[PDB]
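This document opens with one chain alone, in structure tokens, the form deposited in one PDB entry.
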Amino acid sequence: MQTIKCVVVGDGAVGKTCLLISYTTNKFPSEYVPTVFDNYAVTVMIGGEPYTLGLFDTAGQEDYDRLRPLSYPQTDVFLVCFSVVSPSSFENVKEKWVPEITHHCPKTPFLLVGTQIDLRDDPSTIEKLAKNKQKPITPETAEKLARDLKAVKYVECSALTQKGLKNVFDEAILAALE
């Protein structure tokens, strides 16, 4: 009966598809993570009423500036994603993503989403960033940017362990109905 359109944006390789799949199947897809996310319409009861949570991935569109906006119309809430182990993706939230969605949907709330937090303490990941004079993004650092860009809030999760996964979407729903 009621609908909520949520669009997941952010740099490629940030785990957008994975977190969408991990959330809709309720388990990390071991060994093989599908390239195409298919569970776009999640039916859920909210405030005693029937709803459909429309989830839309944007993976593979990071260089398609002419096609990307096609997904934006009537969006009730955006998930601007970045990997906490990818400084470039984090910087692009400010330099690219928020400016783009704000331009097409100035009145649509958005959540800043930190992904792949399971990798934050991974020795091998940490050393690759150090070799580049960088360190993984901490939530304090992320919260500062979420404040700067006027995000509804900052949330992080791991598609792999699912820690924080469900909260991300509960918050999205709240933001959408806010």
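Take the two forms, superpose them, and find the largest set of C-alpha atoms that agree within 1.5 Å; that set is the rigid core. The numbering used is simple: start at 1 and walk along the sequence shown.
Checked against the record, the higher mean CA B factor of 131 to 139 and 22 to 30 lies with 22 to 30. The deposited model assigns a higher average Cα B-factor to 35 to 43 than to the other stretch when 51 to 59 and 35 to 43 are compared.
The entry lists a Cα temperature factor for residue 165 that places it in the middle third of the chain's modelled residues. The PDB entry assigns residue 6 a C-alpha temperature factor belonging to the lowest third of its chain's modelled residues. Residue 119: CA B factor in the highest third of modelled residues in this chain (values from the PDB entry).
From this point on, the text means the form solved in complex with a small molecule, which you will not see here.
Not displayed here, the small molecule is approached by residue 28 to within 4.5 Å at the level of heavy atoms in the deposited complex. Proximity of residue 145 to the small molecule in the deposited complex falls outside the 4.5 Å heavy atom cutoff. Remark: residue 149 does not count among the residues lining the small molecule in the deposited complex, judged by a heavy atom distance of 4.5 Å or less. Using a 4.5 Å cutoff between non-hydrogen atoms, residue 33 counts as a contact of the small molecule in the deposited complex. Here the two forms are overlaid on the core, and between this form and the one not shown the C-alpha of 63 is the only one among 127, 140, 63, 148 to shift by 2 Å or more. Relative to the superposed core, residue 46 shifts its CA atom by less than 2 Å between this form and the one not shown. One change in the deposited complex concerns residue 159 and residue 62, whose Cα atoms lie at least 3 Å farther apart than in this form.
Between residue 112 and residue 60, the C-alpha separation shrinks by 3 Å or more in the deposited complex, relative to the conformation displayed.
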